[PDB]
Amino acid sequence: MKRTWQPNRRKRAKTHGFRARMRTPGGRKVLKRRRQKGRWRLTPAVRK
Amino acid sequence: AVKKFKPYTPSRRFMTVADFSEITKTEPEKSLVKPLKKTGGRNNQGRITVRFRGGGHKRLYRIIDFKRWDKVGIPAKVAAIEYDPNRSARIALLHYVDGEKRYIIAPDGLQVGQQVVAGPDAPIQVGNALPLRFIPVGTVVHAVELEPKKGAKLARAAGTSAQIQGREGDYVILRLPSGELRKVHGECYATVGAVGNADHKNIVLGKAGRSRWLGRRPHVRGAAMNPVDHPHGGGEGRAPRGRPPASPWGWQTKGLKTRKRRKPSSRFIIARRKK
RNA sequence: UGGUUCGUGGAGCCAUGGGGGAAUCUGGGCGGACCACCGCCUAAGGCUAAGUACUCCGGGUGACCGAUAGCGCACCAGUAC
RNA sequence: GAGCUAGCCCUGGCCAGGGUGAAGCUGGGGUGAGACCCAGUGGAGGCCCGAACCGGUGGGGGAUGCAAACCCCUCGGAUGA
RNA sequence: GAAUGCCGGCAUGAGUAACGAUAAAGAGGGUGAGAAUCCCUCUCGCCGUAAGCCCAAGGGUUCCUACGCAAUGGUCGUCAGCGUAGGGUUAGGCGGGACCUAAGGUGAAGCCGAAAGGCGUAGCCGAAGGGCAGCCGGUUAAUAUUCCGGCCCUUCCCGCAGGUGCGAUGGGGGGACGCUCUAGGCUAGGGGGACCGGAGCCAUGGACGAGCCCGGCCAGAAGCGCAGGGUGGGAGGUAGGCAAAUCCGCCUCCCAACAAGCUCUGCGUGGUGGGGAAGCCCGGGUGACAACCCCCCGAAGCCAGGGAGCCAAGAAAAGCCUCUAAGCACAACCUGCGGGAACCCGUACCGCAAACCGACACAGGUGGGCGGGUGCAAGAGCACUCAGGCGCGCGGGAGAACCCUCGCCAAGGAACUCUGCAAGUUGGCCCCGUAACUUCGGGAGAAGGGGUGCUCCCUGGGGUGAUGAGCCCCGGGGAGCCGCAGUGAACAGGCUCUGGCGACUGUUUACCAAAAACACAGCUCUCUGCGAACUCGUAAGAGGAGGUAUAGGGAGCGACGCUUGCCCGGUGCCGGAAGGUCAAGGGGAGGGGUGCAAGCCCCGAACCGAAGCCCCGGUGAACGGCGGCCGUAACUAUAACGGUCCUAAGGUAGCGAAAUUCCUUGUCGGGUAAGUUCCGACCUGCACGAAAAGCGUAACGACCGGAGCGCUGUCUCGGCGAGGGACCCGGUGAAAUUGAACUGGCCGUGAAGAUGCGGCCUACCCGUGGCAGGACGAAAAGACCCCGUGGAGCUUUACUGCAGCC
RNA sequence: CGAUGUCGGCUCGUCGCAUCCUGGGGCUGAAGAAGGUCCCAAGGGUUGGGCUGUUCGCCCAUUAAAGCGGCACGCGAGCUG
RNA sequence: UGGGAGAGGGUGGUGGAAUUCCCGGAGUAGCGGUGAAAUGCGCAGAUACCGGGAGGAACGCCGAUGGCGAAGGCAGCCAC
RNA sequence: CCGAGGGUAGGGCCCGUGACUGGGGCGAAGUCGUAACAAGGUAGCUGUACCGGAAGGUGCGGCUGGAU
Ligand SMILES: CC[C@H]1OC(=O)[C@H](C)C(=O)[C@H](C)[C@@H](O[C@@H]2O[C@H](C)C[C@H](N(C)C)[C@H]2O)[C@@H](C)C[C@@H](C)C(=O)/C=C/[C@]1(C)O
Ligand SMILES: [K+]
Ligand SMILES: [Mg+2]
Ligand SMILES: [Mg+2]
Ligand SMILES: [Mg+2]
Ligand SMILES: [Mg+2]
Ligand SMILES: [Mg+2]
Ligand SMILES: [Mg+2]
Ligand SMILES: [Mg+2]
Ligand SMILES: [Mg+2]
Ligand SMILES: [Mg+2]
Ligand SMILES: [Mg+2]
Ligand SMILES: [Mg+2]
Ligand SMILES: [Mg+2]
Ligand SMILES: [Mg+2]
Ligand SMILES: [Mg+2]
Ligand SMILES: [Mg+2]
Ligand SMILES: [Mg+2]
Ligand SMILES: [Mg+2]
Ligand SMILES: [Mg+2]
Ligand SMILES: [Mg+2]
Ligand SMILES: [Mg+2]
Ligand SMILES: [Mg+2]
Ligand SMILES: [Mg+2]
Ligand SMILES: [Mg+2]
Ligand SMILES: [Mg+2]
Ligand SMILES: [Mg+2]
Ligand SMILES: [Mg+2]
Ligand SMILES: [Mg+2]
Ligand SMILES: [Mg+2]
Ligand SMILES: [Mg+2]
Ligand SMILES: [Mg+2]
Ligand SMILES: [Mg+2]
Ligand SMILES: [Mg+2]
Ligand SMILES: [Mg+2]
Ligand SMILES: [Mg+2]
Ligand SMILES: [Mg+2]
Ligand SMILES: [Mg+2]
Ligand SMILES: [Mg+2]
Ligand SMILES: [Mg+2]
Ligand SMILES: [Mg+2]
Ligand SMILES: [Mg+2]
Ligand SMILES: [Mg+2]
Ligand SMILES: [Mg+2]
Ligand SMILES: [Mg+2]
Ligand SMILES: [Mg+2]
Ligand SMILES: [Mg+2]
Ligand SMILES: [Mg+2]
Ligand SMILES: [Mg+2]
Ligand SMILES: [Mg+2]
Ligand SMILES: [Mg+2]
Ligand SMILES: [Mg+2]
Ligand SMILES: [Mg+2]
Ligand SMILES: [Mg+2]
Ligand SMILES: [Mg+2]
Ligand SMILES: [Mg+2]
Ligand SMILES: [Mg+2]
Ligand SMILES: [Mg+2]
Ligand SMILES: [Mg+2]
Ligand SMILES: [Mg+2]
Ligand SMILES: [Mg+2]
Ligand SMILES: [Mg+2]
Ligand SMILES: [Mg+2]
Ligand SMILES: [Mg+2]
Ligand SMILES: [Mg+2]
Ligand SMILES: [Mg+2]
Ligand SMILES: [Mg+2]
Ligand SMILES: [Mg+2]
Ligand SMILES: [Mg+2]
Ligand SMILES: [Mg+2]
Ligand SMILES: [Mg+2]
Ligand SMILES: [Mg+2]
Ligand SMILES: [Mg+2]
Ligand SMILES: [Mg+2]
Ligand SMILES: [Mg+2]
Ligand SMILES: [Mg+2]
Ligand SMILES: [Mg+2]
Ligand SMILES: [Mg+2]
Ligand SMILES: [Mg+2]
Ligand SMILES: [Mg+2]
Ligand SMILES: [Mg+2]
Ligand SMILES: [Mg+2]
Ligand SMILES: [Mg+2]
Ligand SMILES: [Mg+2]
Ligand SMILES: [Mg+2]
Ligand SMILES: [Mg+2]
Ligand SMILES: [Mg+2]
Ligand SMILES: [Mg+2]
Ligand SMILES: [Mg+2]
Ligand SMILES: [Mg+2]
Ligand SMILES: [Mg+2]
Ligand SMILES: [Mg+2]
Ligand SMILES: [Mg+2]
Ligand SMILES: [Mg+2]
Ligand SMILES: [Mg+2]
Ligand SMILES: [Mg+2]
Ligand SMILES: [Mg+2]
Ligand SMILES: [Mg+2]
Ligand SMILES: [Mg+2]
Ligand SMILES: [Mg+2]
Ligand SMILES: [Mg+2]
Ligand SMILES: [Mg+2]
Ligand SMILES: [Mg+2]
Ligand SMILES: [Mg+2]
Ligand SMILES: [Mg+2]
Ligand SMILES: [Mg+2]
Ligand SMILES: [Mg+2]
Ligand SMILES: [Mg+2]
Ligand SMILES: [Mg+2]
Ligand SMILES: [Mg+2]
Ligand SMILES: [Mg+2]
Ligand SMILES: [Mg+2]
Ligand SMILES: [Mg+2]
Ligand SMILES: [Mg+2]
Ligand SMILES: [Mg+2]
Ligand SMILES: [Mg+2]
Ligand SMILES: [Mg+2]
Ligand SMILES: [Mg+2]
Ligand SMILES: [Mg+2]
Ligand SMILES: [Mg+2]
Ligand SMILES: [Mg+2]
Ligand SMILES: [Mg+2]
Ligand SMILES: [Mg+2]
Ligand SMILES: [Mg+2]
Ligand SMILES: [Mg+2]
Ligand SMILES: [Mg+2]
Ligand SMILES: [Mg+2]
Ligand SMILES: [Mg+2]
Ligand SMILES: [Mg+2]
Ligand SMILES: [Mg+2]
Ligand SMILES: [Mg+2]
Ligand SMILES: [Mg+2]
Ligand SMILES: [Mg+2]
Ligand SMILES: [Mg+2]
Ligand SMILES: [Mg+2]
Ligand SMILES: [Mg+2]
Ligand SMILES: [Mg+2]
Ligand SMILES: [Mg+2]
Ligand SMILES: [Mg+2]
Ligand SMILES: [Mg+2]
Ligand SMILES: [Mg+2]
Ligand SMILES: [Mg+2]
Ligand SMILES: [Mg+2]
Ligand SMILES: [Mg+2]
Ligand SMILES: [Mg+2]
Ligand SMILES: [Mg+2]
Ligand SMILES: [Mg+2]
Ligand SMILES: [Mg+2]
Ligand SMILES: [Mg+2]
Ligand SMILES: [Mg+2]
Ligand SMILES: [Mg+2]
Ligand SMILES: [Mg+2]
Ligand SMILES: [Mg+2]
Ligand SMILES: [Mg+2]
Ligand SMILES: [Mg+2]
Ligand SMILES: [Mg+2]
Ligand SMILES: [Mg+2]
Ligand SMILES: [Mg+2]
Ligand SMILES: [Mg+2]
Ligand SMILES: [Mg+2]
Ligand SMILES: [Mg+2]
Ligand SMILES: [Mg+2]
Ligand SMILES: [Mg+2]
Ligand SMILES: [Mg+2]
Ligand SMILES: [Mg+2]
Ligand SMILES: [Mg+2]
Ligand SMILES: [Mg+2]
Ligand SMILES: [Mg+2]
Ligand SMILES: [Mg+2]
Ligand SMILES: [Mg+2]
Ligand SMILES: [Mg+2]
Ligand SMILES: [Mg+2]
Ligand SMILES: [Mg+2]
Ligand SMILES: [Mg+2]
Ligand SMILES: [Mg+2]
Ligand SMILES: [Mg+2]
Ligand SMILES: [Mg+2]
Ligand SMILES: [Mg+2]
Ligand SMILES: [Mg+2]
Ligand SMILES: [Mg+2]
Ligand SMILES: [Mg+2]
Ligand SMILES: [Mg+2]
Ligand SMILES: [Mg+2]
Ligand SMILES: [Mg+2]
Ligand SMILES: [Mg+2]
Ligand SMILES: [Mg+2]
Ligand SMILES: [Mg+2]
Ligand SMILES: [Mg+2]
Ligand SMILES: [Mg+2]
Ligand SMILES: [Mg+2]
Ligand SMILES: [Mg+2]
Ligand SMILES: [Mg+2]
Ligand SMILES: [Mg+2]
Ligand SMILES: [Mg+2]
Ligand SMILES: [Mg+2]
Ligand SMILES: [Mg+2]
Ligand SMILES: [Mg+2]
Ligand SMILES: [Mg+2]
Ligand SMILES: [Mg+2]
Ligand SMILES: [Mg+2]
Ligand SMILES: [Mg+2]
Ligand SMILES: [Mg+2]
Ligand SMILES: [Mg+2]
Ligand SMILES: [Mg+2]
Ligand SMILES: [Mg+2]
Ligand SMILES: [Mg+2]
Ligand SMILES: [Mg+2]
Ligand SMILES: [Mg+2]
Ligand SMILES: [Mg+2]
Ligand SMILES: [Mg+2]
Ligand SMILES: [Mg+2]
Ligand SMILES: [Mg+2]
Ligand SMILES: [Mg+2]
Ligand SMILES: [Mg+2]
Ligand SMILES: [Mg+2]
Ligand SMILES: [Mg+2]
Ligand SMILES: [Mg+2]
Ligand SMILES: [Mg+2]
Ligand SMILES: [Mg+2]
Ligand SMILES: [Mg+2]
Ligand SMILES: [Mg+2]
Ligand SMILES: [Mg+2]
Ligand SMILES: [Mg+2]
Ligand SMILES: [Mg+2]
Ligand SMILES: [Mg+2]
Ligand SMILES: [Mg+2]
Ligand SMILES: [Mg+2]
Ligand SMILES: [Mg+2]
Ligand SMILES: [Mg+2]
Ligand SMILES: [Mg+2]
Ligand SMILES: [Mg+2]
Ligand SMILES: [Mg+2]
Ligand SMILES: [Mg+2]
Ligand SMILES: [Mg+2]
Ligand SMILES: [Mg+2]
Ligand SMILES: [Mg+2]
Ligand SMILES: [Mg+2]
Ligand SMILES: [Mg+2]
Ligand SMILES: [Mg+2]
Ligand SMILES: [Mg+2]
Ligand SMILES: [Mg+2]
Ligand SMILES: [Mg+2]
Ligand SMILES: [Mg+2]
Ligand SMILES: [Mg+2]
Ligand SMILES: [Mg+2]
Ligand SMILES: [Mg+2]
Ligand SMILES: [Mg+2]
Ligand SMILES: [Mg+2]
Ligand SMILES: [Mg+2]
Ligand SMILES: [Mg+2]
Ligand SMILES: [Mg+2]
Ligand SMILES: [Mg+2]
Ligand SMILES: [Mg+2]
């Protein structure tokens, strides 16, 4: 049957992408935390 | 005037449509329309604030002239009468001797090819607009401004009409389509005649699908829902309301007056509504 | 109404959202309602080091651990998944 | 977190084939004029049968499955909410 | 040593289940250390509105070549979507950007919010919508509308020529639109040919034939031809299109109005460039100087912005044309010609799947286009087949029970069972024929029948063409042949009678309920006069609605027919400038503290003083409610009738053992040999009742009752047969569970159901196929039930607060 | 209660005897035939149907008879629902 | 052809009397109702009187034993 | 070929009959009222509508077959 993950490159970068996190205080804290934890990528990969 | 159908389908049994006999032009004026953004009942937050809206036929807005006092003394010919899907009335396309074109809502008795004019000097003939203080007492009238230069507000639905009962001071007394007696300033314009397409109220939708075309989505009874949704929710089996009939938000819906007590307009309303 | 040990208490003091609204030392605030005497202090402008806090960083030192412990990671770990 | 799902908004796309034969118009009859009748024409409809497509009625299988909802036979709608 | 402990490791089940669609295989040759599995050939089978081919998304080298086989591949492996390495994606025209606007997002101005932030006209961003220039063929191991060939085209810059009042983010035109049906003429695509071209063929009884088999095109600028789209021409006035305007708009006058002319597309032809089969050789050569023609069928595509009818009345903006403002008319724009210039990104490959989403090479899920032919009335249906693609990554045997899927059956025919569940029957088309009842549409495919193949003869109308031949589509008639049987195969309703419920088509518990539940047209109540009510928000702001009482919100009822009675005492709501109570505040009788005192400070009665409540009314399609006991008629029985008590008023019509009846299978009738169900009736209605509607109602229903016909393996009552498993051999090889085990019956005993204790009895050791009575067998710290001063949802005239409103 | 699956039906039995039938008896208000009652006896047998989920019961047609009860109201790692 | 009477019909308009309600004024102890009462209405200001406003229905006098129409039936006034 | 008739299916008309149900007629001395005949104690009658144990009442319109 149809399952929940239906990848969509445009949906991905506009929902979780870098420019989306910088527009709200909550997204900026994500990146702040994610940087503070030393995460290798702050933001999901999507091939544009 | 209201056409029926043969019962060749279960819905065609009772569905009735308008006769459209007074329409003389089947396409709008390209310069007098602009797209009408359907809301679906949702507001600038994206939140349903009116329930059961949406999904109806695509529509274009016909720009109507609810001022009329723009062009005092400039006659115009009634060029056509058209369908408007945004109101119950029909609309009248006017070719002004200016070369200007505009829509008005088409009153009853209007005929294509006649002439209309607006202003104090205007004769009291169907289609003409005047400030109320110049219209004789007892005239039936529509498209009444509620305040000078603010736009025709009252008596715009199909077949509605207002009557000038009398005058005092700068104000005139109208009986509204609701039977209310109200003072309106004498400078307020209005158009003589009643609104046309009076048979609009004898239309039988005939089937569920016709409400959907008009954008009316299905209305669900509070008695069909659950306590979390509505004061009439729950019950084992059917259940009477078992409390004063309330809306979804809990205010009583059987007689509870909702007009604000200290409203400045109350000084201008002579008598509350009719039946 | 907030602060104070003070929860309306005899409830002052400090602060202020609303209404009323002065005076320039013979002016004004305070000493736990208030009143008198005796006293303390000069509101409605500002700045001010040091002694105090903390450890991302660098050292030194352990009756601290010794690879299931010690940091999640002694190793290409915020990785693989 | 509405890439699932629910609703709405914008803009696109899809629905083989067959059946029934509304109003209307035409012609004839009829009448004072009519209503009305008959025939042809027409092609209406949350109309009928049935693929695609959308469903999931009944039974059987499956039950450490092919599958954390599947398979087979049967069945509903299929120009419309 | 235990925590259903945590982490790791290793056992049991066990050589057990399984190895992922029952579309299917066999042989020969080859490669290699090794072969059912890799390569090659022949044979067979499977898909073919796909299981074939293009496109998009997503994936991200998986593509091509070489060399490999540890692991990955459910077996094998010499092979691979694996490992190593090398190679591969080429654009002014294809798609996206350097263009446009959609919802929406953002956001100068501006508004709002303790902070963070929220809004917001213009503007800007935003596409699979608008707009915009490339078609055929060739080439590579791997890319091609991209390289190459031929023939075409666009935009920018500059120049020359000619023309013109040039000029814009401003005005106007245009762009610009629905659904259903659809004309004319074409094309795509297909069928046939006695004609054109073609390597060969004569088998096995016949055929050298009008024989068999293969093929008979594609693209193409200007011009021309056919078919269509768009389009009035001139002048005068002008006050409107937020400046101007010769444009547009309006009015008047002339000329032309199914045309023509002008303009734009489609198709055809077209210089020219291509392509070119079976067969036979070794992807290639040949065939070949290949031929490249006539006839017919013909779109849902094209001309197209075509036409008609209809109601629910069907985006925007740029490109483009025109109009003029500054400005400028040595310019600038238009037309034509010429040269010059023309950037960024994607392009491999899979793409209904082994490469995407499902942890898997997973029977599931995934949008667009093309999708051949013959027959069955049509068709994308069904069967078979082209092109193309596969035989599903374990096999070999056997021929047990039992299981699944399938075929048939004597006599009977629902006797089965909760139930005809399941499976039969029926089955398409044509013709005949078709009831109650009805809202006149229908019920209706009601029911029930008859026809259906093939051959020969005669015959009618239609499209094409031309009016004929031929081709093709519809028939009418006559005489025959064959079989058990002619929609001979596949696909394709069993029917009727009568109840309940719901009018109806729809909707729903994704993943145990599709229903009588929700919705639904329609009905009534009530609120709302517009800065509406109402809703979301602290707000600003939005929705309501660019609507205005024939409108909008809320509530109940639920097509339609006939109807909807009485009670306003209680609660709700509506009304009531009096009266009562009423907080802050006003007032200040009169006390009190302190001070030598003027004074300072504290408390305080009357009296005025809102909404709310009290109080007087109204109000049921507002919350709701609608009696008891006793007596009475010339047989008996029963009470039309009377008495009295109580209430706010005492249940009207209609219906009733009912989706409601406890007693209960009430009683009587019908149906049956027999009827706790069913239908019809009666009424002592435990405990119907009139918009939580009452009683009916044609039509409708994968709803739920009862009955009949038909027909059956449901059954009496079972039997045989088919395949796929089970079984045996070779390959790979799990699982939950498991204190340890050397683990029998009975009668007892034991925490009350003992393999384990007592007594007796039975019993050599170990397995395989089977069946399920026990191991209080496994699974899930029982959902029931209780307990906890556990928790959560929900309610209200429980308590106390809050928003909101007054 | 860190689970002993609960009615009835089907299938499959097996047991007890307070015996429904068949066999053997005594008493009889047993003439005969056919019954009533008690004693002995568990080897075998103990039907098909209509209604209801039904166990039970009632009815129809038969019969030698249409027995009662136990086995976790025998039997869901055997089926039904 | 020339005339005549008539509430004959239909359409559209339009006048006053009165009743009822609402507003205002002035004013107070009851009104109304019957055979007699009572319900009802009224100090929350009724009835009676004046002013104004809203609405519907029927046409007083003329009217007669009259006129018109096929019958049912048709009556303020004006026009077609 | 036709064909008596047999068989299948579906209609129409008439007759008998049916739990129960609706009124009707008739029946020496039942119960309840008193609607009509006098103005019958509310003049009666009438078509229709609603209502009520019952005769009846009432609304609208009509007739005199109505008394003074
Ligand atoms: C569809 C397959 C599943 O089985 C079921 O759904 C069948 C219908 C069940 O009933 C299962 C066995 C449930 O078990 C019963 O739960 C009852 C309250 C108590 C029963 N017990 C004697 C008293 C007990 O047997 C369940 C609670 C246990 C599940 C989780 C389980 O262990 C396995 C479930 C399955 C196999 O996936
Ligand atoms: K319970
Ligand atoms: Mg998706
Ligand atoms: Mg994307
Ligand atoms: Mg995308
Ligand atoms: Mg997206
Ligand atoms: Mg995105
Ligand atoms: Mg790094
Ligand atoms: Mg992130
Ligand atoms: Mg109709
Ligand atoms: Mg019709
Ligand atoms: Mg009209
Ligand atoms: Mg438009
Ligand atoms: Mg526009
Ligand atoms: Mg809405
Ligand atoms: Mg918005
Ligand atoms: Mg937002
Ligand atoms: Mg709403
Ligand atoms: Mg209209
Ligand atoms: Mg006004
Ligand atoms: Mg609409
Ligand atoms: Mg509803
Ligand atoms: Mg409910
Ligand atoms: Mg909720
Ligand atoms: Mg609630
Ligand atoms: Mg409730
Ligand atoms: Mg509910
Ligand atoms: Mg309920
Ligand atoms: Mg109930
Ligand atoms: Mg409920
Ligand atoms: Mg209720
Ligand atoms: Mg209740
Ligand atoms: Mg309530
Ligand atoms: Mg409110
Ligand atoms: Mg009002
Ligand atoms: Mg204290
Ligand atoms: Mg204090
Ligand atoms: Mg204090
Ligand atoms: Mg001084
Ligand atoms: Mg001093
Ligand atoms: Mg001082
Ligand atoms: Mg101070
Ligand atoms: Mg002090
Ligand atoms: Mg002090
Ligand atoms: Mg002190
Ligand atoms: Mg001090
Ligand atoms: Mg100072
Ligand atoms: Mg310091
Ligand atoms: Mg310091
Ligand atoms: Mg260090
Ligand atoms: Mg050490
Ligand atoms: Mg370690
Ligand atoms: Mg350690
Ligand atoms: Mg650290
Ligand atoms: Mg580690
Ligand atoms: Mg990571
Ligand atoms: Mg790693
Ligand atoms: Mg969505
Ligand atoms: Mg999505
Ligand atoms: Mg369709
Ligand atoms: Mg026809
Ligand atoms: Mg249909
Ligand atoms: Mg299914
Ligand atoms: Mg589904
Ligand atoms: Mg079935
Ligand atoms: Mg399952
Ligand atoms: Mg399936
Ligand atoms: Mg199927
Ligand atoms: Mg169908
Ligand atoms: Mg269809
Ligand atoms: Mg221990
Ligand atoms: Mg464990
Ligand atoms: Mg533990
Ligand atoms: Mg562990
Ligand atoms: Mg572990
Ligand atoms: Mg071991
Ligand atoms: Mg093992
Ligand atoms: Mg082992
Ligand atoms: Mg082992
Ligand atoms: Mg075993
Ligand atoms: Mg297994
Ligand atoms: Mg398998
Ligand atoms: Mg072979
Ligand atoms: Mg090798
Ligand atoms: Mg091999
Ligand atoms: Mg090998
Ligand atoms: Mg095919
Ligand atoms: Mg991947
Ligand atoms: Mg490639
Ligand atoms: Mg190697
Ligand atoms: Mg390997
Ligand atoms: Mg290997
Ligand atoms: Mg090897
Ligand atoms: Mg492997
Ligand atoms: Mg292997
Ligand atoms: Mg595998
Ligand atoms: Mg490549
Ligand atoms: Mg590349
Ligand atoms: Mg090129
Ligand atoms: Mg492309
Ligand atoms: Mg550029
Ligand atoms: Mg833009
Ligand atoms: Mg914003
Ligand atoms: Mg954007
Ligand atoms: Mg685009
Ligand atoms: Mg081209
Ligand atoms: Mg090469
Ligand atoms: Mg020019
Ligand atoms: Mg110009
Ligand atoms: Mg321009
Ligand atoms: Mg469009
Ligand atoms: Mg339509
Ligand atoms: Mg072509
Ligand atoms: Mg063909
Ligand atoms: Mg051949
Ligand atoms: Mg044209
Ligand atoms: Mg060739
Ligand atoms: Mg050659
Ligand atoms: Mg058109
Ligand atoms: Mg726009
Ligand atoms: Mg110059
Ligand atoms: Mg650039
Ligand atoms: Mg690039
Ligand atoms: Mg490429
Ligand atoms: Mg592949
Ligand atoms: Mg491909
Ligand atoms: Mg698929
Ligand atoms: Mg596809
Ligand atoms: Mg596989
Ligand atoms: Mg798959
Ligand atoms: Mg094909
Ligand atoms: Mg067919
Ligand atoms: Mg397959
Ligand atoms: Mg396989
Ligand atoms: Mg085998
Ligand atoms: Mg064997
Ligand atoms: Mg046979
Ligand atoms: Mg046979
Ligand atoms: Mg048989
Ligand atoms: Mg039978
Ligand atoms: Mg039979
Ligand atoms: Mg059965
Ligand atoms: Mg039964
Ligand atoms: Mg049944
Ligand atoms: Mg069959
Ligand atoms: Mg068939
Ligand atoms: Mg009929
Ligand atoms: Mg038939
Ligand atoms: Mg037949
Ligand atoms: Mg034959
Ligand atoms: Mg022709
Ligand atoms: Mg046969
Ligand atoms: Mg069928
Ligand atoms: Mg029933
Ligand atoms: Mg339904
Ligand atoms: Mg109905
Ligand atoms: Mg109904
Ligand atoms: Mg319904
Ligand atoms: Mg469900
Ligand atoms: Mg569920
Ligand atoms: Mg689920
Ligand atoms: Mg189910
Ligand atoms: Mg359900
Ligand atoms: Mg359903
Ligand atoms: Mg529902
Ligand atoms: Mg109704
Ligand atoms: Mg709110
Ligand atoms: Mg608004
Ligand atoms: Mg708006
Ligand atoms: Mg409903
Ligand atoms: Mg309902
Ligand atoms: Mg009826
Ligand atoms: Mg009441
Ligand atoms: Mg009340
Ligand atoms: Mg009351
Ligand atoms: Mg205050
Ligand atoms: Mg003193
Ligand atoms: Mg008050
Ligand atoms: Mg009550
Ligand atoms: Mg009752
Ligand atoms: Mg009653
Ligand atoms: Mg009644
Ligand atoms: Mg009953
Ligand atoms: Mg009941
Ligand atoms: Mg009963
Ligand atoms: Mg019972
Ligand atoms: Mg009975
Ligand atoms: Mg009987
Ligand atoms: Mg019954
Ligand atoms: Mg009874
Ligand atoms: Mg009821
Ligand atoms: Mg109710
Ligand atoms: Mg109810
Ligand atoms: Mg009923
Ligand atoms: Mg019915
Ligand atoms: Mg009916
Ligand atoms: Mg249905
Ligand atoms: Mg159904
Ligand atoms: Mg069988
Ligand atoms: Mg077999
Ligand atoms: Mg292996
Ligand atoms: Mg041991
Ligand atoms: Mg041992
Ligand atoms: Mg015991
Ligand atoms: Mg024992
Ligand atoms: Mg033992
Ligand atoms: Mg022992
Ligand atoms: Mg012992
Ligand atoms: Mg022992
Ligand atoms: Mg023994
Ligand atoms: Mg074995
Ligand atoms: Mg075994
Ligand atoms: Mg066992
Ligand atoms: Mg067991
Ligand atoms: Mg636990
Ligand atoms: Mg527990
Ligand atoms: Mg549990
Ligand atoms: Mg539970
Ligand atoms: Mg308990
Ligand atoms: Mg407690
Ligand atoms: Mg306790
Ligand atoms: Mg608690
Ligand atoms: Mg709680
Ligand atoms: Mg238990
Ligand atoms: Mg356990
Ligand atoms: Mg357990
Ligand atoms: Mg257990
Ligand atoms: Mg015997
Ligand atoms: Mg004896
Ligand atoms: Mg004897
Ligand atoms: Mg025996
Ligand atoms: Mg029974
Ligand atoms: Mg029992
Ligand atoms: Mg019983
Ligand atoms: Mg005997
Ligand atoms: Mg028991
Ligand atoms: Mg049991
Ligand atoms: Mg059992
Ligand atoms: Mg079971
Ligand atoms: Mg059982
Ligand atoms: Mg078990
Ligand atoms: Mg068992
Ligand atoms: Mg059940
Ligand atoms: Mg007074
Ligand atoms: Mg015979
Ligand atoms: Mg009388
Ligand atoms: Mg009398
Ligand atoms: Mg009388
Ligand atoms: Mg008399
Ligand atoms: Mg009575
Ligand atoms: Mg009465
Ligand atoms: Mg009368
Ligand atoms: Mg008389």
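The analysis underlying the following values was restricted to heavy atoms, covering all of them including side chains, and did not include hydrogens, waters or symmetry mates. Proteins come first, then strands; the chains are lettered A, B, ... in the order of their sequence lines, and each starts at number 1.
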RNA chain E-proximal residues of residues 130-148 of chain B, any heavy atom under 4.0 Å:
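Only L146(B), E147(B) qualify.
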Grab the N/O contacts between the protein and nucleotides 240-248 of chain E below 3.5 Å, and write none if there aren't any.
from    : atom 1 : to      : atom 2 : distance (Å)
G240(E) : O4'    : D98(B)  : OD2    : 3.0
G240(E) : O2'    : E100(B) : OE1    : 3.0
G240(E) : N9     : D98(B)  : O      : 3.3

Hey, what are the protein-to-nucleotides 79-81 of chain D N/O distances that come in under 3.5 Å?
from   : atom 1 : to      : atom 2 : distance (Å)
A81(D) : OP1    : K207(B) : NZ     : 2.5
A81(D) : OP2    : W213(B) : NE1    : 3.1
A81(D) : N3     : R212(B) : NH1    : 2.9

RNA chain E contacts made by residues 220-246 of chain B, counting heavy atoms under 4.0 Å:
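When residues 220-246 of chain B is checked for heavy atoms under 4.0 Å from RNA chain E, the hits, listed by number, are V220(B), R221(B), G222(B), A223(B), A224(B), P227(B), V228(B), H230(B), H232(B), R238(B), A239(B), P240(B), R241(B), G242(B), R243(B), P244(B), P245(B), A246(B).
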Please write out each protein N/O paired with an N/O of nucleotides 62-68 of chain D under 3.5 Å, distance rounded to 0.1 Å.
none

Of residues 7-21 of chain B, the positions that come close to RNA chain E - non-hydrogen atoms, cut-off under 4.0 Å
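RNA chain E contact set from residues 7-21 of chain B: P7(B), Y8(B), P10(B), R13(B), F14(B), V17(B), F20(B).
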Scan every strand shown for a Watson-Crick or G-U wobble partner of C432(E), both distances under 3.5 Å, and answer none if you come up empty.
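Paired with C432(E), as far as the under-3.5 Å criterion goes, is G448(E).
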